[PDB]
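Dropping input.tsv in here (TSV, C-alpha atoms):
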```
chain	number	residue	atom	x	y	z
J	42	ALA	CA	95.81	97.90	94.50
J	43	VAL	CA	93.45	96.36	97.07
J	44	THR	CA	95.17	94.18	99.73
J	45	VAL	CA	94.14	91.29	101.94
J	46	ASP	CA	93.68	93.65	104.89
J	47	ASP	CA	91.29	95.82	102.91
J	48	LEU	CA	88.90	92.94	102.41
J	49	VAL	CA	87.12	93.16	105.74
J	50	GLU	CA	83.50	92.39	106.60
J	51	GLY	CA	81.63	95.64	107.16
J	52	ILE	CA	83.99	97.51	104.88
J	53	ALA	CA	84.53	95.64	101.61
J	54	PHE	CA	81.56	93.28	101.93
J	55	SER	CA	78.73	92.33	104.25
J	56	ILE	CA	77.06	89.15	105.53
J	57	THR	CA	73.49	89.53	106.78
J	58	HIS	CA	70.78	87.23	108.13
J	59	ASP	CA	67.30	87.86	106.78
J	60	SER	CA	65.24	89.63	109.45
J	61	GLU	CA	62.31	87.23	109.15
J	62	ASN	CA	64.09	83.94	108.44
J	63	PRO	CA	67.63	83.80	109.86
J	64	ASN	CA	68.42	80.72	107.73
J	65	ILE	CA	68.52	83.07	104.76
J	66	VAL	CA	71.92	84.75	104.53
J	67	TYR	CA	72.79	87.63	102.18
J	68	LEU	CA	76.32	88.14	100.87
J	69	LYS	CA	76.82	91.61	99.47
J	70	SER	CA	79.81	93.38	97.93
J	71	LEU	CA	80.39	96.88	99.23
J	72	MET	CA	82.95	97.60	96.47
J	73	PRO	CA	82.12	99.90	93.57
J	74	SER	CA	79.87	98.03	91.15
J	75	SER	CA	82.56	98.07	88.43
J	76	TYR	CA	84.74	95.76	90.55
J	77	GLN	CA	84.84	92.09	89.62
J	78	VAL	CA	84.31	90.11	92.80
J	79	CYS	CA	84.49	86.50	93.90
J	80	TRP	CA	82.78	84.60	96.76
J	81	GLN	CA	83.78	81.25	98.26
J	82	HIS	CA	80.90	80.09	100.45
J	83	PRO	CA	79.31	76.93	101.79
J	84	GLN	CA	77.78	75.96	98.44
J	85	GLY	CA	80.80	76.64	96.25
J	86	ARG	CA	81.79	79.73	94.31
J	87	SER	CA	79.96	82.74	92.91
J	88	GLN	CA	81.07	85.89	91.05
J	89	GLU	CA	77.74	87.74	91.45
J	90	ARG	CA	77.95	90.94	93.52
J	91	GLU	CA	75.02	89.81	95.65
J	92	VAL	CA	74.50	86.20	96.66
J	93	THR	CA	71.67	84.61	98.61
J	94	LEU	CA	72.27	81.50	100.70
J	95	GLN	CA	69.46	79.34	102.07
J	96	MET	CA	71.12	77.32	104.85
J	97	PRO	CA	68.89	74.62	106.31
J	98	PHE	CA	71.33	73.03	108.76
J	99	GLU	CA	72.52	74.23	112.16
J	100	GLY	CA	76.28	74.86	111.94
J	101	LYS	CA	79.26	77.20	111.65
J	102	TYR	CA	80.09	78.49	108.18
J	103	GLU	CA	82.86	80.42	106.39
J	104	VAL	CA	82.70	82.98	103.58
J	105	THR	CA	85.71	84.30	101.69
J	106	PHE	CA	85.43	87.49	99.64
J	107	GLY	CA	87.84	88.13	96.77
J	108	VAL	CA	88.42	91.04	94.39
J	109	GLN	CA	89.90	90.91	90.89
J	110	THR	CA	93.03	93.02	90.49
J	111	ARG	CA	95.73	93.70	87.94
J	112	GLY	CA	97.71	90.86	89.45
J	113	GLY	CA	94.81	88.40	89.78
J	114	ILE	CA	92.35	87.83	92.59
J	115	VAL	CA	93.06	88.99	96.13
J	116	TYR	CA	91.12	87.17	98.88
J	117	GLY	CA	90.35	88.45	102.37
J	118	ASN	CA	90.64	86.23	105.44
J	119	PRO	CA	87.50	84.15	105.88
J	120	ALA	CA	84.49	85.61	107.67
J	121	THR	CA	82.21	83.32	109.67
J	122	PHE	CA	78.49	83.03	110.22
J	123	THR	CA	76.41	80.60	112.26
J	124	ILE	CA	72.98	79.03	111.70
J	125	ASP	CA	71.24	78.54	115.05
J	126	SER	CA	68.45	76.15	114.09
J	127	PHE	CA	67.21	73.69	111.47
J	128	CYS	CA	64.94	74.89	108.66
J	129	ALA	CA	63.26	71.96	106.85
J	130	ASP	CA	61.98	74.33	104.16
J	131	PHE	CA	65.49	74.67	102.76
J	132	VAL	CA	66.13	70.95	102.41
```

Using C-alpha coordinates, write down the structure that the file contains.
Amino acid sequence: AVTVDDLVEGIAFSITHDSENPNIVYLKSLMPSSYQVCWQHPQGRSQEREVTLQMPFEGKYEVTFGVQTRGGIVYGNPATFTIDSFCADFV
(Lines of atoms letter the chains of each structure in order from A and count residues from 1; the text may use other names and numbers.)
(Lines give C-alpha, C1' and ligand atoms only; values in the text may rest on other atoms or scores of the structure.)
Protein backbone atom coordinates (compact mmCIF):
# COMPACT_ATOMS: atom_id res chain seq x y z
CA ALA A 1 0.00 0.00 0.00
CA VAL A 2 1.06 3.63 -0.59
CA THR A 3 2.64 5.35 2.45
CA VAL A 4 2.99 8.92 3.66
CA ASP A 5 6.56 9.06 2.35
CA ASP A 6 5.43 8.05 -1.13
CA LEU A 7 3.19 11.08 -1.42
CA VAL A 8 5.84 13.58 -2.47
CA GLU A 9 5.54 16.58 -4.76
CA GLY A 10 7.22 15.79 -8.08
CA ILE A 11 6.57 12.09 -7.64
CA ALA A 12 2.97 11.43 -6.59
CA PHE A 13 1.58 14.85 -7.54
CA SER A 14 2.61 18.22 -8.88
CA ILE A 15 1.90 21.90 -8.15
CA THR A 16 2.50 24.32 -11.04
CA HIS A 17 2.07 28.04 -11.64
CA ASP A 18 0.55 28.98 -14.99
CA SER A 19 3.31 30.29 -17.26
CA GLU A 20 1.37 33.41 -18.24
CA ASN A 21 -0.46 34.21 -15.00
CA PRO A 22 1.35 32.95 -11.88
CA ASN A 23 -1.79 33.49 -9.77
CA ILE A 24 -3.22 30.45 -11.52
CA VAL A 25 -1.99 27.27 -9.82
CA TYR A 26 -2.50 23.74 -11.17
CA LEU A 27 -2.74 20.74 -8.85
CA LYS A 28 -2.21 17.48 -10.69
CA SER A 29 -2.14 13.85 -9.58
CA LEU A 30 0.74 11.84 -10.97
CA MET A 31 -0.82 8.56 -9.77
CA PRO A 32 -2.39 6.11 -12.22
CA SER A 33 -5.78 7.46 -13.27
CA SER A 34 -7.61 4.57 -11.56
CA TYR A 35 -6.47 5.87 -8.16
CA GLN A 36 -8.99 7.78 -6.07
CA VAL A 37 -7.27 10.93 -4.85
CA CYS A 38 -8.00 13.74 -2.43
CA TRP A 39 -6.75 17.36 -2.25
CA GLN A 40 -6.85 19.72 0.74
CA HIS A 41 -6.05 23.20 -0.55
CA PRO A 42 -6.68 26.84 0.23
CA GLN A 43 -10.31 26.74 -0.92
CA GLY A 44 -11.31 23.49 0.76
CA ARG A 45 -11.34 19.95 -0.55
CA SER A 46 -11.46 18.34 -3.98
CA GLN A 47 -11.37 14.73 -5.22
CA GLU A 48 -10.78 15.61 -8.89
CA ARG A 49 -7.44 14.39 -10.29
CA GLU A 50 -6.68 17.85 -11.65
CA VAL A 51 -7.61 21.01 -9.79
CA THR A 52 -7.21 24.64 -10.82
CA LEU A 53 -6.76 27.35 -8.21
CA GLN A 54 -7.12 31.06 -8.98
CA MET A 55 -5.37 32.78 -6.06
CA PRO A 56 -5.81 36.55 -6.03
CA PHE A 57 -3.99 37.38 -2.80
CA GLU A 58 -0.27 37.56 -2.04
CA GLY A 59 0.53 34.87 0.55
CA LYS A 60 1.94 31.47 1.51
CA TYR A 61 -0.28 28.46 0.90
CA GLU A 62 -0.41 24.73 1.71
CA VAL A 63 -1.65 21.78 -0.34
CA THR A 64 -2.10 18.26 0.99
CA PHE A 65 -2.41 15.33 -1.40
CA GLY A 66 -4.13 12.13 -0.28
CA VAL A 67 -4.70 8.72 -1.88
CA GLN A 68 -7.50 6.26 -1.15
CA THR A 69 -6.28 2.87 0.05
CA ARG A 70 -7.65 -0.36 1.41
CA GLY A 71 -7.32 1.10 4.88
CA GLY A 72 -8.73 4.54 4.07
CA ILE A 73 -7.04 7.70 2.86
CA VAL A 74 -3.31 8.25 3.27
CA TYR A 75 -2.16 11.89 3.21
CA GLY A 76 1.31 13.18 2.36
CA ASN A 77 2.97 15.97 4.36
CA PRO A 78 1.78 19.36 3.14
CA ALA A 79 3.45 20.99 0.15
CA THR A 80 3.67 24.79 -0.02
CA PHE A 81 3.32 27.38 -2.73
CA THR A 82 3.54 31.18 -2.66
CA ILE A 83 1.68 33.91 -4.55
CA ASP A 84 4.01 36.85 -5.15
CA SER A 85 1.54 39.57 -6.12
CA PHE A 86 -2.11 40.63 -6.05
CA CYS A 87 -4.39 39.79 -8.99
CA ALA A 88 -7.64 41.81 -8.88
CA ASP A 89 -9.08 39.68 -11.68
CA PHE A 90 -9.47 36.75 -9.30
CA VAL A 91 -11.41 38.67 -6.67

With all atoms listed in the file as the basis for distance, which of J:107, J:51, J:100, J:113 is at the shortest distance from residue 71 in chain J?
->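 Nearest to residue 71 in chain J: J:51.
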
Hey, which of J:110, J:95, J:75, J:81 ends up closest to residue 58 in chain J? Count all atoms listed in the file.
->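 Among J:110, J:95, J:75, J:81, it is J:95 that comes nearest to residue 58 in chain J.
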
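All protein and nucleic acid residues in the vicinity of (77.3, 77.0, 109.5), that is within 7 Å when counting only C-alpha atoms, are residues 99, 100, 101, 102, 122, 123 and 124 of chain J.
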
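From CA of residue 65 in chain J back to CA of residue 118 in chain J, the distance works out to 22.4 Å.
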
Can you pull out every residue within 10 Å of residue 86 in chain J, counting only C-alpha atoms, but drop anything in the same chain fewer than 4 positions away, and send it as a PyMOL selection string?
-> chain J and resi 79-82+104-105

Could you please determine the separation between CA of residue 68 in chain J and CA of residue 90 in chain J in Å, to one decimal place?
->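 Pair CA of residue 68 in chain J / CA of residue 90 in chain J returns 8.0 Å.
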
From the list J:94, J:66, J:114, J:72, which residue is nearest residue 49 in chain J when using only C-alpha atoms?
->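 Residue with the minimum atom-to-atom distance to residue 49 in chain J: J:72.
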
Kindly indicate which residue among J:61, J:103, J:46, J:125 lies nearest to residue 83 in chain J, using all atoms listed in the file for the distances.
->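 For residue 83 in chain J, the nearest of the given residues is J:103.
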
Is it possible to get the axis-aligned box enclosing range 51-60 of chain J (all listed atoms, 6 Å extra per side) as lines of an AutoDock Vina configuration file, with centre and edge lengths in Å rounded to one decimal?
```
center_x = 74.9
center_y = 92.4
center_z = 105.5
size_x = 31.3
size_y = 22.3
size_z = 19.8
```

Pick from J:87, J:121, J:77, J:70 nearest to residue 52 in chain J, counting all atoms listed in the file | J:70

Give me range 95-122 of chain J with N, CA and C atoms filled in, as an mmCIF file, in the coordinates of the input.
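Wrote selection-v4.cif, looks like this:
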```
data_model
loop_
_atom_site.group_PDB
_atom_site.id
_atom_site.type_symbol
_atom_site.label_atom_id
_atom_site.label_comp_id
_atom_site.auth_asym_id
_atom_site.auth_seq_id
_atom_site.Cartn_x
_atom_site.Cartn_y
_atom_site.Cartn_z
ATOM 1 N N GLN J 95 70.512 79.921 101.238
ATOM 2 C CA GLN J 95 69.460 79.340 102.070
ATOM 3 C C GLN J 95 70.065 78.139 102.807
ATOM 4 N N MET J 96 70.366 78.318 104.090
ATOM 5 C CA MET J 96 71.120 77.320 104.850
ATOM 6 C C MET J 96 70.194 76.565 105.806
ATOM 7 N N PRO J 97 69.859 75.318 105.468
ATOM 8 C CA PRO J 97 68.890 74.620 106.310
ATOM 9 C C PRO J 97 69.476 74.073 107.605
ATOM 10 N N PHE J 98 70.779 73.803 107.643
ATOM 11 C CA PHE J 98 71.330 73.030 108.760
ATOM 12 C C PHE J 98 72.072 73.893 109.787
ATOM 13 N N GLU J 99 71.831 73.597 111.054
ATOM 14 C CA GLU J 99 72.520 74.230 112.160
ATOM 15 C C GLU J 99 74.031 73.957 112.059
ATOM 16 N N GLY J 100 74.840 75.007 112.118
ATOM 17 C CA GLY J 100 76.280 74.860 111.940
ATOM 18 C C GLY J 100 77.072 76.159 111.914
ATOM 19 N N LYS J 101 78.385 76.038 111.733
ATOM 20 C CA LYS J 101 79.260 77.200 111.650
ATOM 21 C C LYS J 101 79.873 77.267 110.254
ATOM 22 N N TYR J 102 79.759 78.419 109.608
ATOM 23 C CA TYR J 102 80.090 78.490 108.180
ATOM 24 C C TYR J 102 81.111 79.592 107.871
ATOM 25 N N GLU J 103 81.894 79.404 106.809
ATOM 26 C CA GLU J 103 82.860 80.420 106.390
ATOM 27 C C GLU J 103 82.513 81.004 105.029
ATOM 28 N N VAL J 104 82.885 82.266 104.840
ATOM 29 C CA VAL J 104 82.700 82.980 103.580
ATOM 30 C C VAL J 104 83.971 83.740 103.306
ATOM 31 N N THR J 105 84.521 83.557 102.109
ATOM 32 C CA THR J 105 85.710 84.300 101.690
ATOM 33 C C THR J 105 85.360 85.206 100.529
ATOM 34 N N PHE J 106 85.704 86.485 100.663
ATOM 35 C CA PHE J 106 85.430 87.490 99.640
ATOM 36 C C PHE J 106 86.721 87.844 98.929
ATOM 37 N N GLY J 107 86.686 87.827 97.599
ATOM 38 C CA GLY J 107 87.840 88.130 96.770
ATOM 39 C C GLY J 107 87.535 89.218 95.747
ATOM 40 N N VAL J 108 88.568 89.945 95.336
ATOM 41 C CA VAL J 108 88.420 91.040 94.390
ATOM 42 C C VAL J 108 89.447 90.897 93.279
ATOM 43 N N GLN J 109 88.992 91.004 92.035
ATOM 44 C CA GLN J 109 89.900 90.910 90.890
ATOM 45 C C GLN J 109 90.795 92.135 90.846
ATOM 46 N N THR J 110 92.094 91.916 90.687
ATOM 47 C CA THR J 110 93.030 93.020 90.490
ATOM 48 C C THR J 110 93.869 92.793 89.258
ATOM 49 N N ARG J 111 94.793 93.721 89.050
ATOM 50 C CA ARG J 111 95.730 93.700 87.940
ATOM 51 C C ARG J 111 96.576 92.445 88.013
ATOM 52 N N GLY J 112 96.899 92.042 89.234
ATOM 53 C CA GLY J 112 97.710 90.860 89.450
ATOM 54 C C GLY J 112 96.924 89.596 89.764
ATOM 55 N N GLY J 113 95.635 89.555 89.438
ATOM 56 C CA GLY J 113 94.810 88.400 89.780
ATOM 57 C C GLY J 113 93.947 88.670 91.002
ATOM 58 N N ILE J 114 93.325 87.632 91.542
ATOM 59 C CA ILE J 114 92.350 87.830 92.590
ATOM 60 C C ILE J 114 92.988 87.867 93.980
ATOM 61 N N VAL J 115 92.597 88.863 94.760
ATOM 62 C CA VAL J 115 93.060 88.990 96.130
ATOM 63 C C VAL J 115 91.916 88.601 97.067
ATOM 64 N N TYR J 116 92.174 87.678 97.994
ATOM 65 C CA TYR J 116 91.120 87.170 98.880
ATOM 66 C C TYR J 116 91.325 87.666 100.314
ATOM 67 N N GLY J 117 90.249 88.082 100.965
ATOM 68 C CA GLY J 117 90.350 88.450 102.370
ATOM 69 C C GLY J 117 90.382 87.192 103.215
ATOM 70 N N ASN J 118 90.746 87.331 104.487
ATOM 71 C CA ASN J 118 90.640 86.230 105.440
ATOM 72 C C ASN J 118 89.181 85.852 105.616
ATOM 73 N N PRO J 119 88.904 84.576 105.910
ATOM 74 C CA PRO J 119 87.500 84.150 105.880
ATOM 75 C C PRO J 119 86.658 84.808 106.979
ATOM 76 N N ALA J 120 85.430 85.185 106.649
ATOM 77 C CA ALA J 120 84.490 85.610 107.670
ATOM 78 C C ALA J 120 83.676 84.388 108.087
ATOM 79 N N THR J 121 83.032 84.439 109.247
ATOM 80 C CA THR J 121 82.210 83.320 109.670
ATOM 81 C C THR J 121 80.773 83.759 109.873
ATOM 82 N N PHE J 122 79.834 82.842 109.678
ATOM 83 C CA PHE J 122 78.490 83.030 110.220
ATOM 84 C C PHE J 122 77.997 81.712 110.792
#
```
